[PDB]
Amino acid sequence: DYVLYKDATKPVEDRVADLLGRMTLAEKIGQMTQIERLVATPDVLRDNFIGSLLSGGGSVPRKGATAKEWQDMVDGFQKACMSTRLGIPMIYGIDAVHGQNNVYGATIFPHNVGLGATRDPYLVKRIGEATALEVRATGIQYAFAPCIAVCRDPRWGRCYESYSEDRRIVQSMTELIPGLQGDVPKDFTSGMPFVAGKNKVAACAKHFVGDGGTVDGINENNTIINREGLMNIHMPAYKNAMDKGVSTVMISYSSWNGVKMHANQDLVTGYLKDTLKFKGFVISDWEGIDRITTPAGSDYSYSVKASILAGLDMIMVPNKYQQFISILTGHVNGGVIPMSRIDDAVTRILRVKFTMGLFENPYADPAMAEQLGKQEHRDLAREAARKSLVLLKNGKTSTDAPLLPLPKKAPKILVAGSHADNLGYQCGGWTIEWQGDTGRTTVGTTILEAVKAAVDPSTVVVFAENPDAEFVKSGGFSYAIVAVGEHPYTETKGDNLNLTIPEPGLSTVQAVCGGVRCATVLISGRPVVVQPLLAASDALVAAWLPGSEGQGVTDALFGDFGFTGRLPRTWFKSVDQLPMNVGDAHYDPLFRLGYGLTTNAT
Ligand SMILES: *[C@@H]1O[C@H](CO)[C@@H](O[C@@H]2O[C@H](CO)[C@@H](O[C@@H]3O[C@H](CO[C@H]4O[C@H](CO)[C@@H](O)[C@H](O)[C@@H]4O[C@@H]4O[C@H](CO)[C@@H](O)[C@H](O)[C@H]4NC(C)=O)[C@@H](O)[C@H](O)[C@@H]3O)[C@H](O)[C@H]2NC(C)=O)[C@H](O[C@H]2O[C@@H](C)[C@@H](O)[C@@H](O)[C@@H]2O)[C@H]1NC(C)=O
Ligand SMILES: *[C@@H]1O[C@H](CO)[C@@H](O[C@@H]2O[C@H](CO)[C@@H](O[C@@H]3O[C@H](CO)[C@@H](O)[C@H](O)[C@@H]3O[C@@H]3OC[C@@H](O)[C@H](O)[C@H]3O)[C@H](O)[C@H]2NC(C)=O)[C@H](O[C@H]2O[C@@H](C)[C@@H](O)[C@@H](O)[C@@H]2O)[C@H]1NC(C)=O
Ligand SMILES: *[C@@H]1O[C@H](CO)[C@@H](O[C@@H]2O[C@H](CO)[C@@H](O[C@@H]3O[C@H](CO)[C@@H](O)[C@H](O)[C@@H]3O)[C@H](O)[C@H]2NC(C)=O)[C@H](O)[C@H]1NC(C)=O
Ligand SMILES: OC[C@H]1O[C@@H](O)[C@H](O)[C@@H](O)[C@@H]1O
Ligand SMILES: OC[C@H]1O[C@@H](O)[C@H](O)[C@@H](O)[C@@H]1O
């Protein structure tokens, strides 16, 4: 007879209910299971009725794989899922958090902290739009973004993933969501999931909640704050996310007052689901349920019970799916987890899948492949990088000539520093590899290449990675541009109690600026100890992690555009002051939140 769930003209809620009523326990638990492409095979996907796949950081089909290679991979998995009895399409997720950043040749946008510097939500919406297109270029339908953490301590390894220490700025930047997913209809019910169709992707507000509030910025640790503080600082942007129809929410590894977020029924069910009326699906973080226990994974049976009873809908396993499925099945057969809980998880997963059009377009569109790295998107990334730059100093004394903007025509100029010609360094973490990497890892333009592309043909450009003082004094240079800063990092590898840049960095700046007027470009995920760099430099720019389009930097250095970025975080005098945020009783910054010098276009 007629099968209502397969009928594209029927309302989503009717299709969900029709399909849910047909499913076995195995088919239901399958929908709740998300696995790594690394453990996926056609038989695994078919036999376990798997609901979702992901690529973790650096999980790619081949080094340098084309958009088509990605589409073929995703479609191979989909074909297996579509061959099950009910033919429920899988959804494939990835960390597309500054562009489609795992993919070779994808446009890499500035990381979130630099976007916060722009104070430009429409720019961020446009970045969401371009990112959706590059993700769909690779056949992927689901991006684990935006990170709406409000980072309250820059010692956190993920501080660069947070738009600001100020929740109001994070709130405004939730415009990423309708960029990724499309604008919701007039009349939209807050908390319903939304994706416009096959040219958009499902978004994910993460990581719920207080991931940016942990003690001493220790990643995955305890956020110790009263309910009023949680609701005033860490929660607000989730409500903007509900209003904008975010499709999914990912749970944080962190704890709130000692309770694991992955086990917190009060917040996940009581608050997110029952108060905010969230109707999309709630996903774990990677091995998030394993980490409820200490040691992690020491009581996986408890991990499954605690997380599923808390209200999580989809588990990012991501590897040991057999153990997950077996344990969850046993809990349901034993009456420990009720069928109502399973039915709720599956209703939410199917709701997102039907809403986004996945049953109508389960396969990739080969005509989208050319969206990857498209020049228009690179032009956008270049605009964003330029807008993100914060000018901290432009002259050593109030009476010096301003150094910036620099002249494009000069006899001889010097470009120097470990970050001047290093694409990997300028992109930072979550670029190609999970932790990012060094050197030419993708298609882009380094600061050195941007300088050579910008200057008059008569300008001789000399590159020296780490010149000594005599080299500079003898070189006959008009000025120097020196780029230094942090190496790429992600998650706990970025936790850092000293916040001092690696050497050589300061030593290079001192050698260069001691011999010729210099503009220092600081590449970092966060404020770092900066007084010695300032003391040496004529001009200093905080460029954050500007991504693949290094011409964004030189657009401002050479005065094609004026500097406009403003600090989205407090710049501390000393790490012993931390945590120290705008509005604090004792607020003694080196530069306040909102500080930024300006220039005018030449
Ligand atoms: C402030 O605190 C931070 C965080 O705790 C700390 O930085 C970390 O230091 C660790 C050692 O103390 C280091 O762990 C080791 O890393 C070895 C390899 O490290 C290189 O490659 C990784 C990526 O694979 C980078 O992240 C590192 O920055 C480092 O990169 C190299 O750095 C040199 C010097 O600038 C450069 O010339 C190279 O080109 C560059 N290489 C690359 C590929 O980019 C590893 O093999 C060891 O087994 C060990 O695990 C850890 O990586 C680092 N984390 C970072 C930077 O995010 C600071 O202390 C050190 O800084 C490093 C760079 C080094 O110079 C140490 O001697 C410093 O003490 C702390 N600062 C202080 C205490 O003043
Ligand atoms: C030389 O540089 C000056 C400093 O940048 C610049 O004056 C600024 O111009 C900008 C852009 O027009 C002004 O921003 C606006 O401020 C409004 C009032 O609050 C906002 O409602 C606007 O939205 C806009 O704010 C920006 O929105 C985007 C976001 O990303 C930014 O962070 C945010 O600032 C800004 O207030 C001016 N600042 C000051 C101190 O005056 C000069 O531009 C002048 O000439 C033109 C371009 C015109 O816009 C004038 O109003 C402006 O004063 C610039 N001079 C020249 C000759 O180019
Ligand atoms: C926040 O971070 C702190 C610091 O990492 C966490 O405390 C640490 O927890 C680990 C257990 O995961 C402890 O390691 C264990 O130590 C015992 C010795 O007592 C040893 O026998 C075990 O094999 C294991 O290595 C570690 O000592 C401990 N450190 C401190 C200073 O307490 C803390 O649990 C984190 N909090 C949250 C909510 O995540
Ligand atoms: O080390 C590889 C894996 O580690 C995980 O903890 C990261 O979150 C994944 O993105 C990554 O694929
Ligand atoms: O790679 C999937 C997930 O891995 C986790 O380790 C990170 O915390 C998330 O930000 C990421 O989306």
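Basis: the model, the stated rules and, where named, an outside source; these are not laboratory values. Cβ atoms come from the backbone with ideal geometry, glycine included; neighbour counts cover every protein chain shown.
Okay, residues lined up against (1) within 16 Å of ligand 5 (Cβ to nearest atom); (2) outside any helix (DSSP H, G or I); (3) touching an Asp or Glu at 6+ places or on another chain (Cβ under 6 Å):
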position	(1), (2), (3)
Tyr5	no, no, yes
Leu45	no, no, no
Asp72	no, no, no
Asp75	no, no, no
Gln78	no, no, no
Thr84	no, yes, no
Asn102	yes, yes, no
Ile108	no, yes, no
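Would you please name the residue that is nearest to the chain's Cα centre (by Cα), looking only at residues in region 548-569 that are within 21 Å of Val455 (Cα to Cα) and assigned to a loop (DSSP other than H, G, I, E, B)?
Restricting to residues being within 21 Å of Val455 (Cα to Cα) and assigned to a loop (DSSP other than H, G, I, E, B), the top hit is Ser548.
Quick check: anything in region 488-507 within 16 Å of ligand 3 (Cβ to nearest atom) and touching a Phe, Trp or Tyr at 6+ places or on another chain (Cβ under 7 Å)?
yes
Identify the residue in region 327-359 that is surrounded by fewer than 17 Cβ atoms within 10 Å (Cβ to Cβ) and either outside the structural domain of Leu312 (by CATH) or small (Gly, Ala, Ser) (or both) and, among all such residues, is farthest from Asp299 (Cα to Cα).
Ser340
Any residue in region 182-191 that is away from ligand 2 (no atom under 16 Å from the Cβ), in contact with a strand residue (DSSP E or B) (Cβ under 7 Å, 6 or more places away or on another chain) and in the same structural domain as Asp285 (by CATH)?
There is no residue in region 182-191 that is away from ligand 2 (no atom under 16 Å from the Cβ), in contact with a strand residue (DSSP E or B) (Cβ under 7 Å, 6 or more places away or on another chain) and in the same structural domain as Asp285 (by CATH).
Quick one: would you say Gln34 is part of a helix (DSSP H, G or I), in the same structural domain as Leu358 (by CATH) and more than 16 Å from ligand 3 (Cβ to nearest atom)?
No; evaluated as a whole, the condition is false for this residue.
From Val259, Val246, grab the single residue that is of a type in the set (A, V, I, L, M) and in contact (Cβ under 8 Å) with a residue 40 or more places away in the chain.
That would be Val246, the only listed residue that is of a type in the set (A, V, I, L, M) and in contact (Cβ under 8 Å) with a residue 40 or more places away in the chain.
Sort out which residues of region 206-217 are away from ligand 4 (no atom under 16 Å from the Cβ) and not aromatic (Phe, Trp, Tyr), and write them in order of number.
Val209, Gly210, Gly212, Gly213, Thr214, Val215, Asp216, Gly217
Restricting attention to region 53-62, does a residue exist that is part of a helix (DSSP H, G or I) and either within 23 Å of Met339 (Cα to Cα) or free of Cβ contacts under 8 Å to residues at least 60 places away in the same chain (or both)?
Checked against the condition, which is being part of a helix (DSSP H, G or I) and either within 23 Å of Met339 (Cα to Cα) or free of Cβ contacts under 8 Å to residues at least 60 places away in the same chain (or both), region 53-62 yields no hits at all.
When region 569-602 is examined, which residues are found to be out of contact with any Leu (no Cβ under 7 Å at 6 or more places or on another chain) and either among the hydrophobic types (A, V, I, L, M, F, W, C) or within 30 Å of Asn102 (Cα to Cα) (or both)?
If the condition is that a residue be out of contact with any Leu (no Cβ under 7 Å at 6 or more places or on another chain) and either among the hydrophobic types (A, V, I, L, M, F, W, C) or within 30 Å of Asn102 (Cα to Cα) (or both), then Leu578, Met580, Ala585, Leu590, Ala601 are the ones that fit.
Quick check, is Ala196 under 24 Å from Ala369 (Cα atoms) and either under 14 Å from the mean Cα position of the chain (by Cα) or assigned by CATH to the domain that holds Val12 (or both)?
Yes; evaluated as a whole, the condition is true for this residue.
Which condition number does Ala536 fail, the rest of (1) away from ligand 1 (no atom under 16 Å from the Cβ); (2) touching a residue at least 60 places away in the same chain (Cβ under 8 Å); (3) farther than 24 Å from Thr490 by Cβ being met?
Going through the list (1) away from ligand 1 (no atom under 16 Å from the Cβ); (2) touching a residue at least 60 places away in the same chain (Cβ under 8 Å); (3) farther than 24 Å from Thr490 by Cβ, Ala536 breaks only (2).
Are there any pairs with C-beta distances below 7 angstrom linking a residue in region 491-504 that is in contact (Cβ under 8 Å) with a residue 60 or more places away in the chain to a residue that is of a type in the set (A, V, I, L, M) and more than 7 Å from ligand 1 (Cβ to nearest atom), with the two at least 6 apart or on different chains, and if so which?
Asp495/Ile218; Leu497/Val575; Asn498/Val575; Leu499/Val528; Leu499/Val529; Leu499/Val575
Which count do you get for residues in region 523-547 that are outside any loop (DSSP other than H, G, I, E, B), within 24 Å of the chain's Cα centre (by Cα), farther than 18 Å from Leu406 by Cβ and not β-branched (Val, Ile, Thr)?
Total satisfying the criteria: 1.
Check whether at least one residue in region 409-422 is under 20 Å from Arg517 (Cα atoms), buried (at least 21 other Cβ atoms within 10 Å of the Cβ) and among the β-branched types (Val, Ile, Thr), and report yes or no.
yes
Applying the selection to region 196-215, what residues are farther than 14 Å from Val135 by Cα and either of a type in the set (A, V, I, L, M) or surrounded by fewer than 18 Cβ atoms within 10 Å (Cβ to Cβ) (or both)?
Across region 196-215, the qualifying residues are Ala196, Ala205, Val209, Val215.
Filter region 420-440 for residues that are under 15 Å from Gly99 (Cα atoms) and within 11 Å of ligand 1 (Cβ to nearest atom) and give the result.
Answer for region 420-440, where residues must be under 15 Å from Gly99 (Cα atoms) and within 11 Å of ligand 1 (Cβ to nearest atom): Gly424, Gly428, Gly429, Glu433, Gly436.
Report whether or not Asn221 is more than 16 Å from ligand 1 (Cβ to nearest atom) and assigned by CATH to the domain that holds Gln100.
no
Can you pull out the residues in region 291-309 that are out of contact with any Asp or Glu (no Cβ under 8 Å at 6 or more places or on another chain), under 22 Å from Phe144 (Cβ atoms) and either surrounded by fewer than 22 Cβ atoms within 10 Å (Cβ to Cβ) or among the polar types (S, T, N, Q) (or both)?
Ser307
Are there any pairs with C-beta distances below 6 angstrom linking a residue in region 180-194 that is on the phi > 0 side of the Ramachandran plot to a residue that is aliphatic (A, V, I, L, M), with the two at least 6 apart or on different chains, and if so which?
Going by the 6 Å Cβ cut-off, the qualifying pairs are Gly182/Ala196; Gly191/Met242; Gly191/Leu276.
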